[PDB]
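Accompanying notes for the structure given below.
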Amino acid sequence: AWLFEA
Amino acid sequence: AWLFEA
Amino acid sequence: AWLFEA
Amino acid sequence: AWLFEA
Amino acid sequence: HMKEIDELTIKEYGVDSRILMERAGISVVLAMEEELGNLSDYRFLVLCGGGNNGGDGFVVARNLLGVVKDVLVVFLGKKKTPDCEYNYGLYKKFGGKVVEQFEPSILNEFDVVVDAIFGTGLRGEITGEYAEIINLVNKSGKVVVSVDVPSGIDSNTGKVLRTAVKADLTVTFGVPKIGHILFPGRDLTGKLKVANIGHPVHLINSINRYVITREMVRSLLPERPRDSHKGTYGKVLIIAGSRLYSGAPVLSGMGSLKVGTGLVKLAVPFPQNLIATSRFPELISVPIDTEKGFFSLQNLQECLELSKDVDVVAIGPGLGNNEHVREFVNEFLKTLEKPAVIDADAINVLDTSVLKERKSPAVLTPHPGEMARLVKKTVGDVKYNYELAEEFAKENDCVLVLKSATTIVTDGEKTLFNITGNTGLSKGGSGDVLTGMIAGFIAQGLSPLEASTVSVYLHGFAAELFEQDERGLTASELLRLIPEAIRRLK
Amino acid sequence: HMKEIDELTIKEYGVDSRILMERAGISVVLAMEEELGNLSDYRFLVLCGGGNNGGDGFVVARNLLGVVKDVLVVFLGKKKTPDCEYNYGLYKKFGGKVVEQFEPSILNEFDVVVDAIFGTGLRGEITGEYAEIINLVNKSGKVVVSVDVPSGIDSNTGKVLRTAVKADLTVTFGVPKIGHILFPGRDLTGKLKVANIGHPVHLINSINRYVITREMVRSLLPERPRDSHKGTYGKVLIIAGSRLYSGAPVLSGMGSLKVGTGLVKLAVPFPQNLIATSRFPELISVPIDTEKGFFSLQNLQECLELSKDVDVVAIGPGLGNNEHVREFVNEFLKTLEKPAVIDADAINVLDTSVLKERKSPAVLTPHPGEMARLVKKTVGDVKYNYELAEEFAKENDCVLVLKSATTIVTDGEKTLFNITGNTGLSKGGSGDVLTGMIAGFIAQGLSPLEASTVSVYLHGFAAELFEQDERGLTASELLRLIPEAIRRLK
Amino acid sequence: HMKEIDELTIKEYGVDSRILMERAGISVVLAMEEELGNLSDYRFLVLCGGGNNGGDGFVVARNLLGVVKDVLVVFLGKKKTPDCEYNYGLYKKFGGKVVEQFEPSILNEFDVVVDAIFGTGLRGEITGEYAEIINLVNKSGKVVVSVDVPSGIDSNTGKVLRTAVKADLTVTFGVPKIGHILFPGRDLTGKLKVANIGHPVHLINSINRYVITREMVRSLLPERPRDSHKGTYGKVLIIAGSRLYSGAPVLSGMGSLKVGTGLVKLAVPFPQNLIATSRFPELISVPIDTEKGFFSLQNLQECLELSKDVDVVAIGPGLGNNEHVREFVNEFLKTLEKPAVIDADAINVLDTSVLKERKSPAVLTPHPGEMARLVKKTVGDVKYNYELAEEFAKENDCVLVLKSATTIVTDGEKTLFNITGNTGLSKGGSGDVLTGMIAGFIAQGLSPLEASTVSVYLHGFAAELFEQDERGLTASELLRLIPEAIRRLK
Ligand SMILES: [K+]
Ligand SMILES: [K+]
Ligand SMILES: [K+]
Ligand SMILES: [Mg+2]
Ligand SMILES: [Mg+2]
Ligand SMILES: [Mg+2]
């Protein structure tokens, strides 16, 4: 989760 | 069961 | 292990 | 593999 | 807007705009790897406009150089912004190929199209050669990855500006934009990833419009303390049904029971009240004696007495729409000093002056046809019109739940968007269930807005848990699926 | 060096140094997430020096703000380079906390230490308060992530400059550095990830020293065409053994057979030659009649005749080291016009003048004690001394394989490092197997350097495939494991 | 002894003797439940003497009352100690039945016999009616649980005092007693549980004799640092074999290699030395020229030269026992300034004066027949005689490893008992392997005592890992199993 929210 | 009832 | 060593 | 080699 | 978040991050926080642009483009590469697996066998065609969207595209292209099978940029703009220019320069210094003319057959030699033509800086209808290129890309059958927003979607409304790219994967930055959330844009976005590109967390959180998430709903669910009784979980009165529409009361009542309400009472014209308890004997279904099968002023006093012993009243599903119903509904709501959930035919006859005079709260749950009639506009003018929903909620001191594949929930200050559900909810009865759910959560102690947020989410999510094809979902099956949706939140 | 790669990438390619620094720091965050899982429950202590290593640390710290439980930077330097200063400024603008004094108890309040104190810019022994901090971190039992190289390792040699951080995870940029590859640095590095931070691929590939990889070895393995016969796969003569050392020939011979050689012949003093065929009857073990159980000049002519019908000759394992062996070995190699693999006692007696006069190729396979005696230096001066290995290889026109936990393979122009294997190879017999493997691959058509590269890798990898504790591995078991190592490459 | 530990715990620490007795008896109940599962369907016959062992039995019986199918105590003593009397009184106050005459048919009506007749307070041969009862219990086929020690075992020696109870389960208190550890007592004990009954941990740890445990051996295993070479792991010389006994050298040598030794050299009479390398070519097997196939003084000088370059020397397996071997062995050991591992025929010819004069350490590894001859006593007087082993070790400044199903390892101050292994080790060759293992661990840096402790354990444990029936285990298979024993420790 640090880079992307889905 | 000799020592503890749950 | 508190009570018995095997 | 684009970011990291292991 | 994110345009403001970008500006503050550069101008006040001091992050170089080039750094944001680099992080955006690498986010795209990583998102593509996550979706496609190893990128090294693919050939990439990157379509870059002259704006910052295109600059992000040059970063993508540059970062694929030497690592994938082939990369080509088609630069479609006229001039380049400073960051697009810096990145274009880097792409060439690294040995990248650019062409400025799009040849229709070029699509043949590539596996993935990276659409970095227009982002949130899109102004006006796309025409001319931009349109032909976008139409060619959409007919090509290639994998399409859109940078920020599919080119041609208005990122504030989700409308298609004449033509728009249809993406398999869209990678956006910071937060989802409204155009990913509302249709048609939501459809054209395909799978959406939201990348963190280095904005301060405080700015990302200063956004006033929100997608309703599983984590938000889980944190809003009421507590179920072990030492409780039915009075702990509240009481709902549902005023609903008519000789014409005898099923609506039953669907609303069970909607309140399935979300955990302690007691649910229906007031329904006799003998149609008996329908409810034949199906679900846990309901209380009070017979209301009417002259011709519809509520009228003659039933005002009995309905007010029934409302004294409850926490919330839902009104409208299946009432019918004639003058006597209109008189009853408006006089009732004017006098009722309880929260009201107002749906269906109660909306169709509502005098909005009445909402302004109520001291007690209300939630209104129209579909666009009902909203259109309520404010005297066309369906097309109100559909997905979140600013009009906000003004209405604010002017009438209510929560407005505007139903559609993406549902808008607003009290005028906070606006939430719901994206759960499927087309099995596009069927008579669905709305009647949601009305009951909302009333039920209010009865359990949630605010009108919180109740509405939790209910729209769980209603849509229950629909997705249906085990067979969605088109066969009915309201009765939806009701069955609600407690499973609740368990799956936790 | 990467210092040059960084410079070119900034000065000639035009990538802003801030962009490289941002990509470095985010690489660290992502690597930590891959190792620790979700970062949001951890508290991070980031130790930053005043150099660019520390600047990378400020990027890490800034990118954890608002997303993890706690972040604190202890800034240990005096001045800051321009990029460290820019990043320090960003970290504070984003609301980050810095302190400039390290309190021993501070370690208590954190779960992960990010070591960004010194990188490749380390000059000289670490003393004073830098040393106390590093010693405190090493005693703390916390998870340690080192930025670029663990602070205190010399990145060109792998030596500890008085004291060094022991990391669980090291994230380096572009390419592995020599100090991650050679011990002790290799040990202190822990798990190494190499991040791509945006250098042109052409520069990353202009590096002349390389880690031997599975993909490299797979591409070097000889072809096995179906229509082949034993002559297709070459012939090896192994000149080895003595009355004292009767096992070495057997281990070398089978080393050649297990890598796919068509025919292997041993020349061994009678009756010790019979040992080989009692164990492995597929070997040819020619009896050499000797006066006292050792090769001497009396056997020169027979050994040269035996060598006419082979592609490669290995010499040295178990020959013994006396004057008659020295005379034989040097006269043999001076006259032999075939590639030679020179090991063990053949190295101990070698006259290096002989290597310079040979028209044919050679590979030498010393451990450091043997290399030390060969060039007349101390073990400590030659161990992991890749520049001395390179000079030797270049001056003597040979391939040098300097054995140790990391093995160096060089012809003076290209240097490869091998990192496969374990301590089960630290036992009599291991080296004798490798000598056979190298000879065998040469016989099959690989160049001396290629043969050496493939053999050191597969020898180490076979050791790792041993199914029980590595300390019980013996050469005989290693031999059994070779064809499995080969199958696993493919 | 525990008798002293009990006394201190009562008299100095202030724990009431009744509390210790209560904890002992409940420990027994819980141990029985762990072995039998639910106790409620079983009928218990408790046989109580008049001592504290019997008092523990009354506690057991009292704690089963009302909870199992039936309980009966047969009280067999004359008088009762104060705590047995208090407990007998409690058992009756709680409604328990006691009888004072043992009827042979009484065994019929019970499923479990609790043997609390005699504990560590047993003095002298059991005769008369105590013996008949014990013999009846042993013929009965019932489940037998012994309190503290099976009645009739001497708890200091493990001898049977004329007759003894054969238990399925023995529950002892604080620490195992010597009579559970040495045979025959070890056999009669069956499954042993050691219960904590409340002694201070400091007292329990002041015991000077110890069972060798997995945790102890794991903590003693040498480290295998990654940056190592064969010299890191030491060098062993094994002086062994003869024209009569050509296999022993091979088994010892590989015993050192399988435990992780870097280099192993054998000195063996020619041509018997060639046997070793035909089987395991990783060994160095130096030919020793002898007159008639045995070591003699003529080989003294060569053996001393060979020993200069090693860390440890093992001597004895297969040397033969004649006067010239005796001369050689004693002169060698007198002159050798290295640790010595002395086995087999080197023990049979040893002059023990020589051990006293050695400045360097030694370990001796006799079976009882060899120990008997060494100190000039009968096998029966030395077998399991740990006090004699201790005196010998102390007087001769050595470590003594007295081999048997329970092996005793002592340096005179510390004594350890090994209980791993099985009867597959009762076969020629087993001992030769252990000698090599011990030498090997010494070479790797363990003290003689530590090396002996680790080796006896792993040797026995490897035997237990044999996959087929133990009687078919041979030394060659044992060697194969050693690295698996090592891996399983970790
Ligand atoms: K786009
Ligand atoms: K560092
Ligand atoms: K007993
Ligand atoms: Mg509706
Ligand atoms: Mg060697
Ligand atoms: Mg023996």
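As shown in the structure tokens, the chain order sets the letters A, B, ...; within each chain, residues go from 1, and ligands are also counted from 1 in the order they appear.
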**Study point:** Near-residue 4 (chain D) list (8 Å; only C-alpha atoms; drop same-chain fewer than 5 positions) as a PyMOL selection string
**Key:** chain F and resi 193-196
**Study point:** Nearby residues, ligand 2, 9 Å, only C-alpha atoms and all ligand atoms, as a PyMOL selection string
**Key:** chain F and resi 47-49+53-54+57+114-120+145-153+165+170
Check your understanding: So which residues are near ligand 6, meaning at most 7 Å away with only C-alpha atoms and all ligand atoms counted, given back as a VMD selection string?
Key -> chain G and resid 317 343 to 344 366 to 367 431 to 432
Point to revise | Env. residues ligand 4 / 12 Å / only C-alpha atoms and all ligand atoms / as a PyMOL selection string | key: chain E and resi 248+251-252+315-319+342-348+364-371+401-404+425-436+475
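Proximity to chain F at a cut-off of 6 Å picks out residues 3, 4, 5 and 6 of chain D on chain D, counting only C-alpha atoms.
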Practice item. Could you tell me how far CA of residue 65 (chain E) lies from CA of residue 189 (chain E), in Å and to one decimal? Key: 26.0 Å
Practice item. Excluding region 204-207 of chain G and any residue of its chain fewer than 4 positions from it, enumerate the residues within 9 Å of it, using only C-alpha atoms, and give them as a PyMOL selection string. Key: chain G and resi 1-2+5+174-175+199-200
**Study point:** For residue 91 (chain G): contacts at 9 Å, only C-alpha atoms, fewer than 3 positions along chain excluded, given as a VMD selection string
**Key:** chain G and resid 58 to 59 61 to 63 65 86 to 88 94 to 98
Just to be explicit: take each residue in the selection above, keep N, CA and C atoms, and write the result as a PDB file, in the first residue's frame.
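To be explicit, this is the file written out as result.pdb:
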```pdb
ATOM      1  N   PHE G  58      -0.915 -40.769  48.557  1.00  0.00           N
ATOM      2  CA  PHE G  58      -2.177 -40.336  49.169  1.00  0.00           C
ATOM      3  C   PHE G  58      -2.699 -39.051  48.576  1.00  0.00           C
ATOM      4  N   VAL G  59      -1.813 -38.149  48.208  1.00  0.00           N
ATOM      5  CA  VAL G  59      -2.232 -36.916  47.497  1.00  0.00           C
ATOM      6  C   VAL G  59      -2.842 -37.229  46.121  1.00  0.00           C
ATOM      7  N   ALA G  61      -4.238 -40.083  45.271  1.00  0.00           N
ATOM      8  CA  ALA G  61      -5.499 -40.793  45.492  1.00  0.00           C
ATOM      9  C   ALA G  61      -6.567 -39.803  45.879  1.00  0.00           C
ATOM     10  N   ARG G  62      -6.244 -38.888  46.773  1.00  0.00           N
ATOM     11  CA  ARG G  62      -7.232 -37.923  47.207  1.00  0.00           C
ATOM     12  C   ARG G  62      -7.724 -37.059  46.057  1.00  0.00           C
ATOM     13  N   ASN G  63      -6.817 -36.622  45.203  1.00  0.00           N
ATOM     14  CA  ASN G  63      -7.156 -35.791  44.049  1.00  0.00           C
ATOM     15  C   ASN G  63      -7.905 -36.510  42.904  1.00  0.00           C
ATOM     16  N   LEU G  65     -10.389 -38.729  43.831  1.00  0.00           N
ATOM     17  CA  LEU G  65     -11.681 -39.012  44.435  1.00  0.00           C
ATOM     18  C   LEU G  65     -12.772 -38.164  43.793  1.00  0.00           C
ATOM     19  N   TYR G  86      -0.428 -36.893  57.439  1.00  0.00           N
ATOM     20  CA  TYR G  86      -1.346 -35.793  57.173  1.00  0.00           C
ATOM     21  C   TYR G  86      -2.168 -36.091  55.934  1.00  0.00           C
ATOM     22  N   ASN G  87      -1.498 -36.547  54.890  1.00  0.00           N
ATOM     23  CA  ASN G  87      -2.156 -36.903  53.654  1.00  0.00           C
ATOM     24  C   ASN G  87      -3.084 -38.111  53.706  1.00  0.00           C
ATOM     25  N   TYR G  88      -2.708 -39.107  54.492  1.00  0.00           N
ATOM     26  CA  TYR G  88      -3.553 -40.257  54.725  1.00  0.00           C
ATOM     27  C   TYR G  88      -4.843 -39.783  55.400  1.00  0.00           C
ATOM     28  N   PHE G  94     -11.780 -37.051  53.002  1.00  0.00           N
ATOM     29  CA  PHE G  94     -12.443 -36.853  51.724  1.00  0.00           C
ATOM     30  C   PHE G  94     -13.278 -38.052  51.306  1.00  0.00           C
ATOM     31  N   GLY G  95     -13.332 -39.112  52.102  1.00  0.00           N
ATOM     32  CA  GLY G  95     -14.148 -40.294  51.800  1.00  0.00           C
ATOM     33  C   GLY G  95     -13.396 -41.411  51.087  1.00  0.00           C
ATOM     34  N   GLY G  96     -12.080 -41.423  51.151  1.00  0.00           N
ATOM     35  CA  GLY G  96     -11.349 -42.431  50.403  1.00  0.00           C
ATOM     36  C   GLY G  96     -11.234 -43.743  51.146  1.00  0.00           C
ATOM     37  N   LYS G  97     -11.146 -44.834  50.403  1.00  0.00           N
ATOM     38  CA  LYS G  97     -11.008 -46.169  51.002  1.00  0.00           C
ATOM     39  C   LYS G  97      -9.543 -46.621  51.021  1.00  0.00           C
ATOM     40  N   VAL G  98      -9.131 -47.125  52.183  1.00  0.00           N
ATOM     41  CA  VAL G  98      -7.809 -47.700  52.358  1.00  0.00           C
ATOM     42  C   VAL G  98      -7.988 -49.118  52.819  1.00  0.00           C
TER      43      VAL G  98
END
```
Exercise for review: Write out as a PyMOL selection string all residues of region 104-171 of chain E that DSSP puts in helix (DSSP H, G or I) for this structure's backbone.
Suggested key: chain E and resi 104-109+128-138
**Study point:** Exercise: region 442-447 of chain F partners within 8 Å, only C-alpha atoms, chain neighbours under 4 positions left out, as a PyMOL selection string
**Key:** chain F and resi 220+222+232-236+260-261+311-312+438+451
Please produce a file of the residues just selected, as an mmCIF file, in the first residue's frame, where the atoms kept are N, CA, C and O atoms.
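Okay, selection05.cif is ready:
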```cif
data_model
loop_
_atom_site.group_PDB
_atom_site.id
_atom_site.type_symbol
_atom_site.label_atom_id
_atom_site.label_comp_id
_atom_site.auth_asym_id
_atom_site.auth_seq_id
_atom_site.Cartn_x
_atom_site.Cartn_y
_atom_site.Cartn_z
ATOM 1 N N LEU F 220 26.018 -19.718 -21.247
ATOM 2 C CA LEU F 220 27.335 -20.244 -21.586
ATOM 3 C C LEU F 220 27.417 -21.782 -21.683
ATOM 4 O O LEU F 220 28.350 -22.306 -22.270
ATOM 5 N N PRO F 222 27.565 -25.423 -22.801
ATOM 6 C CA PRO F 222 27.611 -25.955 -24.196
ATOM 7 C C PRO F 222 26.346 -26.686 -24.635
ATOM 8 O O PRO F 222 25.643 -27.239 -23.819
ATOM 9 N N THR F 232 32.592 -35.672 -29.688
ATOM 10 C CA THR F 232 31.943 -34.355 -29.623
ATOM 11 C C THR F 232 32.214 -33.560 -28.325
ATOM 12 O O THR F 232 32.257 -32.330 -28.349
ATOM 13 N N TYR F 233 32.337 -34.269 -27.189
ATOM 14 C CA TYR F 233 32.365 -33.636 -25.889
ATOM 15 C C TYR F 233 33.785 -33.607 -25.319
ATOM 16 O O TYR F 233 33.958 -33.385 -24.136
ATOM 17 N N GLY F 234 34.792 -33.860 -26.161
ATOM 18 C CA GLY F 234 36.176 -33.665 -25.740
ATOM 19 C C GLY F 234 36.803 -34.691 -24.813
ATOM 20 O O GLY F 234 36.135 -35.573 -24.216
ATOM 21 N N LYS F 235 38.107 -34.523 -24.643
ATOM 22 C CA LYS F 235 38.945 -35.415 -23.889
ATOM 23 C C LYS F 235 39.857 -34.634 -22.953
ATOM 24 O O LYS F 235 40.458 -33.641 -23.350
ATOM 25 N N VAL F 236 39.921 -35.089 -21.699
ATOM 26 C CA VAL F 236 40.736 -34.498 -20.649
ATOM 27 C C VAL F 236 41.800 -35.511 -20.199
ATOM 28 O O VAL F 236 41.482 -36.699 -20.038
ATOM 29 N N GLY F 260 29.906 -33.277 -18.232
ATOM 30 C CA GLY F 260 29.530 -33.734 -19.583
ATOM 31 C C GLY F 260 30.674 -34.067 -20.522
ATOM 32 O O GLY F 260 30.463 -34.248 -21.722
ATOM 33 N N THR F 261 31.890 -34.179 -19.997
ATOM 34 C CA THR F 261 33.059 -34.505 -20.850
ATOM 35 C C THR F 261 32.978 -35.905 -21.415
ATOM 36 O O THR F 261 32.457 -36.768 -20.787
ATOM 37 N N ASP F 311 42.272 -32.836 -25.467
ATOM 38 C CA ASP F 311 42.027 -31.415 -25.745
ATOM 39 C C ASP F 311 42.574 -30.506 -24.659
ATOM 40 O O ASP F 311 42.896 -29.372 -24.928
ATOM 41 N N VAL F 312 42.640 -30.992 -23.434
ATOM 42 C CA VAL F 312 43.043 -30.188 -22.268
ATOM 43 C C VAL F 312 43.747 -31.107 -21.278
ATOM 44 O O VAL F 312 43.421 -32.313 -21.189
ATOM 45 N N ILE F 438 36.508 -27.441 -14.568
ATOM 46 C CA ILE F 438 37.052 -26.447 -15.495
ATOM 47 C C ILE F 438 37.649 -27.116 -16.760
ATOM 48 O O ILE F 438 37.350 -26.702 -17.900
ATOM 49 N N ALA F 451 34.853 -21.330 -19.252
ATOM 50 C CA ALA F 451 34.890 -22.575 -18.506
ATOM 51 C C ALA F 451 35.009 -22.334 -17.009
ATOM 52 O O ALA F 451 34.358 -23.022 -16.187
#
```
